Amino acid sequence: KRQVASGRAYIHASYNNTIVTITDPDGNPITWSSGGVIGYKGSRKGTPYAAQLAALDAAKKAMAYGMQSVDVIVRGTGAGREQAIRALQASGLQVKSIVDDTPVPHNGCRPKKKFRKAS
Amino acid sequence: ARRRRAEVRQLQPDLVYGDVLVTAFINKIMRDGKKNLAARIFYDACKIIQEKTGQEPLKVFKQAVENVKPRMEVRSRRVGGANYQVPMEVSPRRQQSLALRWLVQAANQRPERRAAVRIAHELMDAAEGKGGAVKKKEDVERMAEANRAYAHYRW
Amino acid sequence: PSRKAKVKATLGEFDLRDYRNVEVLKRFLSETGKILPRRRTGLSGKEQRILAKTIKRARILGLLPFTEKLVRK
RNA sequence: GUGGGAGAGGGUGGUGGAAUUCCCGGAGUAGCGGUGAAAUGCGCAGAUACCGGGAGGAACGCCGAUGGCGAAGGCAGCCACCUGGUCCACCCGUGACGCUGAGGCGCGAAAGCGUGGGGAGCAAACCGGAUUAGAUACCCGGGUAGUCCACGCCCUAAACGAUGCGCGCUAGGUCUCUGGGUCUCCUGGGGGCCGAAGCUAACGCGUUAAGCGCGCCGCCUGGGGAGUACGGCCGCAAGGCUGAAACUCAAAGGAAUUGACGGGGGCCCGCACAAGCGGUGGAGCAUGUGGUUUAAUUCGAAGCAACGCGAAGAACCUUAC
Ligand SMILES: [K+]
Ligand SMILES: [K+]
Ligand SMILES: [K+]
Ligand SMILES: [K+]
Ligand SMILES: [K+]
Ligand SMILES: [K+]
Ligand SMILES: [K+]
Ligand SMILES: [K+]
Ligand SMILES: [K+]
Ligand SMILES: [K+]
Ligand SMILES: [K+]
Ligand SMILES: [K+]
Ligand SMILES: [Mg+2]
Ligand SMILES: [Mg+2]
Ligand SMILES: [Mg+2]
Ligand SMILES: [Mg+2]
Ligand SMILES: [Mg+2]
Ligand SMILES: [Mg+2]
Ligand SMILES: [Mg+2]
Ligand SMILES: [Mg+2]
Ligand SMILES: [Mg+2]
Ligand SMILES: [Mg+2]
Ligand SMILES: [Mg+2]
Ligand SMILES: [Mg+2]
Ligand SMILES: [Mg+2]
Ligand SMILES: [Mg+2]
Ligand SMILES: [Mg+2]
Ligand SMILES: [Mg+2]
Ligand SMILES: [Mg+2]
Ligand SMILES: [Mg+2]
Ligand SMILES: [Mg+2]
Ligand SMILES: [Mg+2]
Ligand SMILES: [Mg+2]
Ligand SMILES: [Mg+2]
Ligand SMILES: [Mg+2]
Ligand SMILES: [Mg+2]
Ligand SMILES: [Mg+2]
Ligand SMILES: [Mg+2]
Ligand SMILES: [Mg+2]
Ligand SMILES: [Mg+2]
Ligand SMILES: [Mg+2]
Ligand SMILES: [Mg+2]
Ligand SMILES: [Mg+2]
Ligand SMILES: [Mg+2]
Ligand SMILES: [Mg+2]
Ligand SMILES: [Mg+2]
Ligand SMILES: [Mg+2]
Ligand SMILES: [Mg+2]
Ligand SMILES: [Mg+2]
Ligand SMILES: [Mg+2]
Ligand SMILES: [Mg+2]
Ligand SMILES: [Mg+2]
Ligand SMILES: [Mg+2]
Ligand SMILES: [Mg+2]
Ligand SMILES: [Mg+2]
Ligand SMILES: [Mg+2]
Ligand SMILES: [Mg+2]
Ligand SMILES: [Mg+2]
Ligand SMILES: [Mg+2]
Ligand SMILES: [Mg+2]
Ligand SMILES: [Mg+2]
Ligand SMILES: [Mg+2]
Ligand SMILES: [Mg+2]
Ligand SMILES: [Mg+2]
Ligand SMILES: [Mg+2]
């Protein structure tokens, strides 16, 4: 508890999981969730469904700090990224805005052999 | 059905309630094409729904069929690695086909010693939210929704 | 087909080599701080090649962004 | 020569932002990660996700191309310096000063070698986790050389357009990069595409020739043995260049054709699957068969397409044993 009322909601989508982090206006985490926090284990953490659940778990836990509106900040490309956006919108929390800030290098480190034929 | 879309069959309405749905149920109760014996059964049982209920049998019948209709069911679908039980809406027609098939099935699982009694009691018990059929309908519905994680395999 | 309106049309005279004209160079970047294609700039091989270089000079001068986060989504 | 032009051509120094990793601080809590599914792994000594600060290495997103530069290998953030090639215009100067080029000399991707430095990410070997019949692999988690810089070696390649260099000649159309002009268009240099004639085994090539011709260099002479052996030369080494023989084969081979095939694509059918209703597989028995047994158990039928099949009538007969 501290009472924030307005903050940030970071979505980190991956082809392996989705994990939501909610922070204060300065980017300090208040609460967080993920397909793992919810009961999911292996490959299902990446499911769009799980993302929904993780997103809702996050919102609710954020209501406890008495938060109402947030700025969604999406990072990554992964099955279940948009469900998280929707999950948040439909959860009391007011979504003042969505913004994609997935990091991309201006070609820096050689990728793993799995993600090559790129740089 | 590779070429066409397979149109549905039409059935002569009931020789009593003049209802098609009734005939459908009659046919599911049928066996070895003994439609006469089949018809009797539904009727006797249809009577037994009264003098046990002040209500009309048809209203009872039609509402049992209703509570047994599944709104979601899980179907298979291989997606490299194994088969994922995918949940999904059940078409208006399969609901009916399933509902009736299930009633006759649960009915015949009952202990009541004679047919008409069994269909009768299953009809009734179903009408108020209980009985073999409704159980099935709920195990199915529970199956779907229990696999929400594979909902994105729409189809 | 991108039939919006070539950035060259919606504009007039300007020194493609002026790395300080923020108000005009700014126009050749996308929602993101990315240099727009000839498709959108409407410029030409030679013109674009000179634009690309002047824009990059502006970036190192802090008058222009290298990248900017996308709004909406 | 004079005047213009375009360019990731080369060398040296400087420098910018994104990202990864690590370290520090904050905030926050039970997982993160990873796969077909998992596990190894990492995390309560607090990880992952989020914000702020710092260090370091390597590589330059968009622009970016079907583009450009170079003799090739190759060259891509931005700035300055040093430096190569090249194209156009003007017809200004020299006056055949030319082409080619054995040997020589230089350059020459990657890997690799030596010395010293650096080391973020990646990753031979290697250590583990899965997978499999096995799995000294494919997939996952780690990880040393190396990948980076300097200096010195190595000198290879599908070092490819699989097409040596130069010059003249032989329809056009179309796109494009860069220059000049009376700037719908013309004219020069380069990059593509379609094509005249012609060439080609065919495929295809076709003013960017694989056409028609001249000059000079390099190279080929069936396949295996073999790019091996020997010798010589070169290298620190790895190994490079030159490069055989005995023996042996009736072929090896190029292009195109019709098929068949594909764990290639597209379109489409069938009780093919699915949907569904009844059943076989278990029992008893009937019948055919395998097997075994017998003096004989007559013969045939064999996955689908043999097995209540020839047998629409085996007590003798039929009947072949
Ligand atoms: K090119
Ligand atoms: K070694
Ligand atoms: K190098
Ligand atoms: K060298
Ligand atoms: K011009
Ligand atoms: K021909
Ligand atoms: K061809
Ligand atoms: K030798
Ligand atoms: K030696
Ligand atoms: K060598
Ligand atoms: K096919
Ligand atoms: K069948
Ligand atoms: Mg996962
Ligand atoms: Mg000049
Ligand atoms: Mg250059
Ligand atoms: Mg950084
Ligand atoms: Mg910390
Ligand atoms: Mg702390
Ligand atoms: Mg542990
Ligand atoms: Mg503790
Ligand atoms: Mg610790
Ligand atoms: Mg981290
Ligand atoms: Mg940080
Ligand atoms: Mg370090
Ligand atoms: Mg060239
Ligand atoms: Mg090349
Ligand atoms: Mg020059
Ligand atoms: Mg003269
Ligand atoms: Mg003279
Ligand atoms: Mg070399
Ligand atoms: Mg090297
Ligand atoms: Mg070394
Ligand atoms: Mg070293
Ligand atoms: Mg060291
Ligand atoms: Mg690694
Ligand atoms: Mg094993
Ligand atoms: Mg590995
Ligand atoms: Mg090539
Ligand atoms: Mg001509
Ligand atoms: Mg042309
Ligand atoms: Mg040309
Ligand atoms: Mg041209
Ligand atoms: Mg080209
Ligand atoms: Mg011809
Ligand atoms: Mg031919
Ligand atoms: Mg051609
Ligand atoms: Mg010629
Ligand atoms: Mg030779
Ligand atoms: Mg020979
Ligand atoms: Mg021979
Ligand atoms: Mg030979
Ligand atoms: Mg060799
Ligand atoms: Mg030596
Ligand atoms: Mg061939
Ligand atoms: Mg059909
Ligand atoms: Mg049929
Ligand atoms: Mg079926
Ligand atoms: Mg069945
Ligand atoms: Mg049996
Ligand atoms: Mg016999
Ligand atoms: Mg026998
Ligand atoms: Mg015979
Ligand atoms: Mg026989
Ligand atoms: Mg038969
Ligand atoms: Mg006999």
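Heavy-atom basis, side chains included; hydrogens, waters and symmetry copies ignored. Letters go in sequence order (proteins before strands), and every chain restarts at 1.
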message: Check this for me: B/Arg77, atom CZ, are more than 12 non-hydrogen atoms of other residues, nucleotides or ligands nearer than 6.0 Å?
response: yes
_Can you confirm whether B/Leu100 sits close enough to B/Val104 that some side-chain heavy atom of one is under 4.5 Å from a side-chain heavy atom of the other?_
no
Exercise. Answer with base, sugar-phosphate or nothing: what part of the nucleic acid does A/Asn17 contact at a heavy-atom distance below 4.0 Å?
Key: sugar-phosphate
So does B/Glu66 pair up with B/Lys62, basic N to acidic O under 4.0 Å?
no
Can you tell me if the side-chain N/O atoms of C/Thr67 get under 4.0 Å from OP1 or OP2 in D/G17? no
note: B/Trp102, atom CH2; D/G276, atom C1'; distance rounded to Å ~ 14 Å
Paired to D/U15 by Watson-Crick or G-U wobble criteria (both distances under 3.5 Å) is D/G77
*Quick one: is A/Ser43 getting a side-chain N or O under 4.0 Å of the D/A37 phosphate, OP1 or OP2?*
yes
Between NZ of A/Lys114 and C1' of D/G141 the distance, given in whole Å, is 11 Å
Does D/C277 have OP1 or OP2 sitting under 4.0 Å from an N or O in the side chain of B/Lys28? yes
ask   = Within the structure, does a side-chain N or O atom of B/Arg94 lie under 4.0 Å from either OP1 or OP2 of D/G276?
value = yes
Q: State whether B/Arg2 places a side-chain N or O below 4.0 Å from either non-bridging phosphate oxygen (OP1 or OP2) of D/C268.
A: no
Syn within 90° of 0, anti beyond: D/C97 is syn
Taking NZ, NE, NH1 and NH2 as the nitrogens, is one of them in C/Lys8 or C/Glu47 under 4.0 Å from a carboxylate oxygen of the other?
-> yes
For this session: Indicate whether OP1 or OP2 belonging to D/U178 is found under 4.0 Å from a side-chain N or O atom of C/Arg49.
Result: yes
- Do C/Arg38 and D/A65 share a donor-acceptor pair, side chain to base, under 3.5 Å? no
Quick one: are the six-membered base rings of D/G129 and D/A130 within stacking range, meaning centres under 5.5 Å apart and planes under 30 degrees? yes
Between C/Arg39 and D/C63, is there a side-chain N or O to OP1/OP2 distance below 4.0 Å? no
Let's test your reading of the model: under 3.5 Å, does the base of D/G16 pair with the side chain of C/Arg59 as donor and acceptor? no
### Message
Looking at D/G179, I'd like to know if its phosphate oxygens (OP1 or OP2) sit under 4.0 Å from a side-chain N or O belonging to C/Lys46.
### Response
yes
task: Considering only NZ, NE, NH1 and NH2 on the basic side and carboxylate oxygens on the acidic side, decide whether B/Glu145 and B/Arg142 come within less than 4.0 Å.
output: no
If pairing means Watson-Crick or G-U wobble with both distances under 3.5 Å, then the partner of D/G270 is none
When B/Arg101 and C/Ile60 are each assigned the nearest nucleotide of RNA chain D, the 5'-most assignment goes to C/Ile60
The residue, C/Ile50 or A/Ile30, whose nearest nucleotide of RNA chain D is more 5′ is C/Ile50
Practice item. Give a single yes or no on stacking for D/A6 with D/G7, with the cut-offs at 5.5 Å between ring centres and 30° between planes. Key: yes
Q.
Between A/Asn16 and D/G33, is there a contact of a side-chain N or O with OP1 or OP2 at under 4.0 Å?
A. no
Notebook entry, point to check: Checking only heavy atoms, does the side chain of C/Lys56 share a donor-acceptor pair with the base of D/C63 at less than 3.5 Å?
Noted result: yes
Next item on the list: Please work out if B/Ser97 contacts a base, only the sugar-phosphate, or nothing of the nucleic acid, heavy-atom cut-off 4.0 Å.
Entry: nothing
chi for D/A27 classified (syn = within 90 degrees of 0, anti otherwise) as anti
